[PDB]
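Two forms of the same protein chain are encoded below as structure tokens; each is given separately, as structure 1 and structure 2.
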Structure 1
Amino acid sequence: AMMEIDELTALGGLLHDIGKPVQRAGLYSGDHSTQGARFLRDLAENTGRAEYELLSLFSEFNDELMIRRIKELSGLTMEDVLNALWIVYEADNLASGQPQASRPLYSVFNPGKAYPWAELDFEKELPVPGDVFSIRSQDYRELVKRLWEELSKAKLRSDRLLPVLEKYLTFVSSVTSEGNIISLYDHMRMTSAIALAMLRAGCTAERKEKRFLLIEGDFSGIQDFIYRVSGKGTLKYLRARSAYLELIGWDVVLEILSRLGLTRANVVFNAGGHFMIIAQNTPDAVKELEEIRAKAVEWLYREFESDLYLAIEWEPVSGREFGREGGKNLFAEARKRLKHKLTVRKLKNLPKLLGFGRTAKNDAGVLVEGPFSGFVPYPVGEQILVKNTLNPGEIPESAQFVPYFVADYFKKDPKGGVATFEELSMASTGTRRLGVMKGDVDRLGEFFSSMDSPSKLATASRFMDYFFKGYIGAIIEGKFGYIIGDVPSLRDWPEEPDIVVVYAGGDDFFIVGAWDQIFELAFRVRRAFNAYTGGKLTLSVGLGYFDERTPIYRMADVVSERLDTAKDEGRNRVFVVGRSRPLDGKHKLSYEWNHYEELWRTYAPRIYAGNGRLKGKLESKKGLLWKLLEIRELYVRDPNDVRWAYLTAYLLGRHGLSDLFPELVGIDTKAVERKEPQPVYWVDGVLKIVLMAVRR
């Protein structure tokens, strides 16, 4: 039952700073060192063996004091303790290198803003960095109150303590200083990872060497593998090949963790096929890193080939290359080299599924095969990929709890299934067209270069994944209404939204559904993502409204190209709908987020009354709307001509509505001197959406 050296150094570095949150509470006294060991020495007495008694040493720290304190306690042979001791202390400096105590965690997205005291919940708890408000010890006490009962309930192993230290110590600062963006969990996460790594590199206690590895693995034709197959099909399949990539990813990762004997703490992240792990630089490691790779590159060939391929590379880095020396980002510069190898070689469903169980490849009863292992739709056996949760509750036969989050929301088809393309479009408002949204985060890669430590990396990457894989579901189901506020809408948000996510991630998200529920959702995500990142990180989104019975890849290239246009036009934008324009390099197609939302808010209430209805004053005058659009088409052919204003003046008088649209009737030279175009140009993106919401 206990204890190994590749579980003492890990869990030791995993709990080396467990004394901080209890020090920020009212429990013990002295520094976090004393209170942490005092917490673990007491936890050994709490519903369990005398286990954490020895684990308390890592948080307990002089050289006279340490050598005559290990004897009192144990097997290790009084040998594997002193060596595992100094290792942990160095990992912290490698992780990140009178403060306060009530200082809140600040946002990695916005250092000027901090996270208000709220529990971690992907439902009804969207994290919003606000003004700096100090934290009371009473809130830490009731925090530890849960942290006390869960650390005791959960078993003593990495797959058990990692999610508990993550479930509670996420939105708490690691170092109480003004501007600290390093999460507590992420801080003590790599301290386990880096320590375990260097121990494998032969870093027994006695300085800077090449005994450290930094491996990253990712695929290539991911998008061309999901929605560009050309085989019925369809929607259900899009999700299937999406829910397959998640298995292939971990599979390749969980094979690395086993063979090299690592933990999930070494895994910085792993989602949608993109992952990066921290390992050690040894000839043993490389030998099986090449072994795993060589066969990983050989398996997709005999299954998908010629379809998709995997690219895994690793760069030998040094221990000092983890921070800043004289204003030099040694870490990102090392991360830069690693990213180069990838790009270079890149050139060359519905029933009860709570998760997957990693089995032996020869065993049956599975649902699909993998590169190194099979998977059973769910308890068996050792490693089980449990979905969207932090709680295991399974056999204690060394069952490696592997939690994974994924955006897998879908409109539920009757008799318990997944809605199809026609089921999403039939629930549309007005015209019955299918809605397709696609986009990414503006310059997400350059955000990974601003950081300087592995700590900031783990925090920024994890928070990132929390949105598109966690909080995106509560957004789609229609929550966080106060934060998001009023948004462009064709209707009120349904009981169960007609929205299906093929896949969602910061790098790219593909979501389909009812066109009017796709339109509004595009703004709900933005305003949330703006608030989630403090308004520091933005999105680009292309919106398509195609026919129900139309090939997905054909209607994917369009949205992807509409997306490219939004990026090409400067990056924060939304491509609502395709439209005509004058070609002079002055009129853009995509809308700016704040711009379009103001246009909707100002113009839509003039004509639209909600839920497929127009305002009362717009009765028997449906012809006015599109006839005001054709007048705009005149502007399209010649802007510098008041052919649009004169006609958008008396046509209203014929119908007796000379009060509305004061910007389309009058001339606006005031905007001409700004190089910008007329308000009549943009008004179609509001009229057409309303019109297709009231057709038939």
Structure 2
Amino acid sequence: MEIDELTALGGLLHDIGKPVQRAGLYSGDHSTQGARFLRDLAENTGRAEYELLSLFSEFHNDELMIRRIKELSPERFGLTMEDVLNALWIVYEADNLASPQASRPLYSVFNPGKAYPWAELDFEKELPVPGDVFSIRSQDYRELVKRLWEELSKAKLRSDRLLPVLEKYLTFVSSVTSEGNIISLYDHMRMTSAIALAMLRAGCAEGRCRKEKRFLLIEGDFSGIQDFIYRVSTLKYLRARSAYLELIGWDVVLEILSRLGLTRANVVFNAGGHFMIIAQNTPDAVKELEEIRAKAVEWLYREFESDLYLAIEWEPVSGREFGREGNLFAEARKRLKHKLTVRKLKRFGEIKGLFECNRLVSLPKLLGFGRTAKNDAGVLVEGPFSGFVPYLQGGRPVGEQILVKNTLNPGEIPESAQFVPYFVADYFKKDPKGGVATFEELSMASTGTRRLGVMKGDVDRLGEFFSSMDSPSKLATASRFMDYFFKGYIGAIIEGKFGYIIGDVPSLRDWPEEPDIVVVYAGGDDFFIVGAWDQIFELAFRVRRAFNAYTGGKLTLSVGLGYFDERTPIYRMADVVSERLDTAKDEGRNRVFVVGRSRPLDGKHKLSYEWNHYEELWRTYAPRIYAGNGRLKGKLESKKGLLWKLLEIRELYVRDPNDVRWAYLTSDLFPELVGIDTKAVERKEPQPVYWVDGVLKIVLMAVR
């Protein structure tokens, strides 16, 4: 042990008392009862560091503590007495900066009115849905506490081995058991560890660190991602670029942690090429940042020219500013966002010399990558600081850091090697050959018309929702739960899971077992997914309903859909679905651009549909005309022309929604279209005829 590891692990385990009390074990306050749990655990196995770490649950004179510390002979671990007093005091203040029955569950950050069933974080099991408030059974905590105890018993007592097990088991546990408590315990634990280690490297036995700018909020954001990824000369290469940007990002974050002597707990988030880190405000740090910021940029310029930039900024922040008074954290994030906007208008300014594809082809059966030195054998790609050696199933990992994909379980990696869990939405349809499906094979798998389906989806006004977070630990929960929806559960949504949660969605075929879907990216609050056009059309409604359940119906998606000839270049498909996502956004948000559409340019006619509006229309008209799985209804086999005529009729409403001829031209099949609805004309809204093409055009595509 050394103060740095101690204060980290300490901040992390300060509140491990909570799960033990809520199980019926030590008959004492969470504080004293958490002490009993680590001491008892330390005595079992025979690892005395746990009994050193036990001193965190019980804390504020301090006559007893000084002597209780003495009895645990510190020199044994290479520690001073005065060292442990500061570690304990730091972590005590740190707990209050991150910041009643005992059966109360975690209430959803998305909807504080609803709450999470107790479950362990597993992306292969059921989708987290905020539902009705149920008291958690005392058995469920006791079952948690025993696996929790059996895991800590076999873990290496390094924050990188402690974080994953605390995240597996304390993700869906209330940090405090009040009504409407929004904060995951795991997040409160990692943020106290983050804030504590920051105060240590701050130079604090001290309210000096609380009322003085001793912390840095460090925000990093890649600029030109959309260009770097979707402006090529093939789906394989597109996925390689996307994967390459994830490693380039990690290579920067891990560097920052390594050179500031910080732990992964200090990473508030790292989603969609956007990271935030709480760190020390020593002049040794700002220099250490300035060097990193500069060498990263200089490498990006040499590697891709002006295509991909990294905007890194930081801000002196005090303990006051992690908190509320009369909301300063938001205020501090706002001041920092401003710095990032300015830095993005000074792209590659950190160069003064500015004003005078075999390795990625190679990039299905790998477990992760080793962050080794740039000149190491087996290095398959390089970031601005380190080489990445693919860690394969039958093989040994190589490097100081192992990045491990879609587990919180180290598995068989060496004890010396730091575990970095990284989640990536990487679903793909397998071809006849073992490799990922081509745009061609995806398009060929379509019901009816052979077009490739493309959809870009994004959460509405997330920045606004995140701005409403009071504390580091609140933001940590919001950030992670959000990122996890896309990185974790979109695979499950695609597989056909959450059938009862999802329900009836617009659909053209029975959902396949191995759907003709390939994920390009799914992270932050957005996704880019391609596949057979009909499977893509349906997946949009599945993902929106999943997301409606996962939020408390309190947050919204907009989606842009596109159906292209399989020969259309990526840059054009990206551009069209982007244009259509922006349109959905710009016409109200909570809407979907289903299909390209003619309309009056009179500023009364939206191209987009409110999700519920389109879902209603499909429920109304599709069953009357469409049998399923590529087939019209029997009545309409010889009368397929009436569908085309309704579209030709809708065009004579587009020509002029005032010329009343479309009354003249008009059946017992579509009754609500024959009339001239007046509520619509009065409310200054379109005629029902305007909306129907949204359904018919999709059904005509399915039946060709």
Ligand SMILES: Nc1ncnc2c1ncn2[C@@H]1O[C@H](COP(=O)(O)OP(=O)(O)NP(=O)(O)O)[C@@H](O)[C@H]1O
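Between two forms, the rigid core is the largest collection of C-alphas that superpose within 1.5 Å. Throughout, residue numbering runs from 1 along the sequence of structure 1.
Student: The form solved in complex with the named molecule: 1 or 2?
Tutor: That would be structure 2, which is the form solved in complex with the named molecule.
Student: Might you check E315, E321, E520, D508 and identify the only one whose CA position changes by 2 Å or more between structures 1 and 2 on rigid-core superposition?
Tutor: Shifted by 2 Å or more: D508 only.
Student: Do you see a C-alpha shift of 2 Å or more at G393 between structures 1 and 2, with the core held fixed?
Tutor: Result for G393: yes, a 2 Å-plus shift.
Student: By the 2 angstroms cut-off, has the C-alpha of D31 moved between structures 1 and 2 once the rigid core is superposed?
Tutor: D31: C-alpha displaced by less than 2 Å between structures 1 and 2.
Student: With the core fitted, just quote the Cα shift at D442 between structures 1 and 2, in angstrom to one decimal.
Tutor: Core-aligned C-alpha shift comes out at 0.3 Å.
Student: Having superposed the rigid core, state how many Å the Cα of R637 shifts between structures 1 and 2.
Tutor: Value for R637 between structures 1 and 2: 1.9 Å of C-alpha shift.
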